[PDB]
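For reference, the chain that follows is the form deposited in one PDB entry, supplied as structure tokens.
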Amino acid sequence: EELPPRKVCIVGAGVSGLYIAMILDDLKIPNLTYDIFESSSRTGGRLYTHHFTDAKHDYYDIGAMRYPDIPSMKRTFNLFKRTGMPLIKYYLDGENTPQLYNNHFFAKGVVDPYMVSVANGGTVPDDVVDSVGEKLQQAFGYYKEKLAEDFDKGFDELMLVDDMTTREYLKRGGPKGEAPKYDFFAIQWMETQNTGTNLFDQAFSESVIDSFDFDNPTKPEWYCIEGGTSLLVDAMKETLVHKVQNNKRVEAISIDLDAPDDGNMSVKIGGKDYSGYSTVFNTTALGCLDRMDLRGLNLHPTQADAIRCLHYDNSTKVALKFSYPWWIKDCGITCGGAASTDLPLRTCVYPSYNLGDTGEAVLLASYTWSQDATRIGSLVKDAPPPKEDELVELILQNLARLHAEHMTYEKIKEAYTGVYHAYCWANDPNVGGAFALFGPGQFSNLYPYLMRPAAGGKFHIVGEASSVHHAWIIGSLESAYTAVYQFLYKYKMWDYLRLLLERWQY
């Protein structure tokens, strides 16, 4: 045919790298091939299901686990459709889930059940202690509703306040001082009830977008993948024309500007050079890109500074196997959902995929973020198997306190099988963190320099951090789609660019 031989390089076989390869396989551009290199021995990146055994429900999702049916997520559910993903309902809110703060259980209708307000000798203002949801919907609500109208325009309006942290916004009452002003302890309590420890000190725009996703105006249903999110990776993996090359950690990316041809880019793997690429799509988390030698690409200094400085949140999960689902049978927690607490485990997630089992059951006993995750992570080994006895003992004791209304410590201990697994994303060298969670001013100042193609339009920084949808599959997918667009555009492949718009624009 007409189009000259071209070869592109995809760095990373997570969902964004796999999506790029899937788009290319679909477009069937003549004489175009790709190599996809993955540092880990495992494919999927932050799509990661841990199977204790291959029994139907004997797993937990270490990375992505739940997906809300909202318009901005269409591209995700389209990917689920293309791959035949078996979806089931995910109960964000179930029933009878305990909530434990300051050693008091939540009680419906009671004033200050946790006894943390000034009226009971605490420091939380009485006007705040029981109206956290309402006060935050007043600080976020305008932006959240504009994000439902149209996410891109809603995002642009939110960028007018991006210089503020959530705590800053609440202390001053908006950019003009017109919204309510809150003291420290009121802001602290709103953070304690709404997110993870310290996270109101990150961007206000990120708190708004997380409220938009977890408490969307259209009260959506949630879904998960029966058999684990890694089924998606398997489906995508197997469709590929060129298989993932695992155990291939890219150490350098370069473009030879002394050579005028299309394929003048290289990557270095294990000290060996891989050359002849007309475009390199990097899909790693930014911490991994930060460690590569990128001198050969002549990046803009501020783009380089974004790679180093864009903030990543931590996250840790601990899953315990029990001989029967005691939370279902003894506590009446029959419909998924999650228990929240100021105890170290913070959040205990009841699986939505084993609701009708009666024997061995997995419990996502601890799901943490930020400093909470770093503290649990200090007791965790991501490769290995003393400090994880300490971890197990800690989780069991927190679990007994959290379910004290119906359960004793001895009974939870007796039901425990001795099988557990835990994971801390910051300790994963292939990610270096859990997911982007920008600081104040980062989305409006650093991000646009992150997203500009480099090496004369041949280098793309792709992935969840390269999107407005951090910590969601949708970000990875949009960013991947956008990079393919720029690639086609850059090489003036107008027939295939139109074909992309028809077959792949949602």
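Just count from 1 along the sequence shown to find any residue number. Definition used throughout: the rigid core is the maximal C-alpha set that superposes within 1.5 Å between two forms.
The protein also exists as the form deposited in another entry; that form is not presented, and the subsequent description refers to it.
- Of the residues 217, 227, 344, 122, exactly one exceeds or equals a 2 Å C-alpha shift between this form and the one not shown once the rigid core is aligned, and that residue is 217.
- Once the rigid core is used as the reference frame, the Cα position of residue 197 differs between this form and the one not shown by 2 Å or more.
- Residue 152 is among the residues whose C-alpha shifts by 2 Å or more between this form and the one not shown once the rigid core is aligned.
- In this overlay on the rigid core, residue 423 has a C-alpha that sits less than 2 Å away from its partner position between this form and the one not shown.
- A shift of at least 3 angstroms pushes the Cα atoms of residue 212 and residue 372 further from each other in the other form than in the displayed structure.
- A change of 3 Å or more separates the two forms for residue 221 and residue 156: their C-alpha atoms lie farther apart in the other form.
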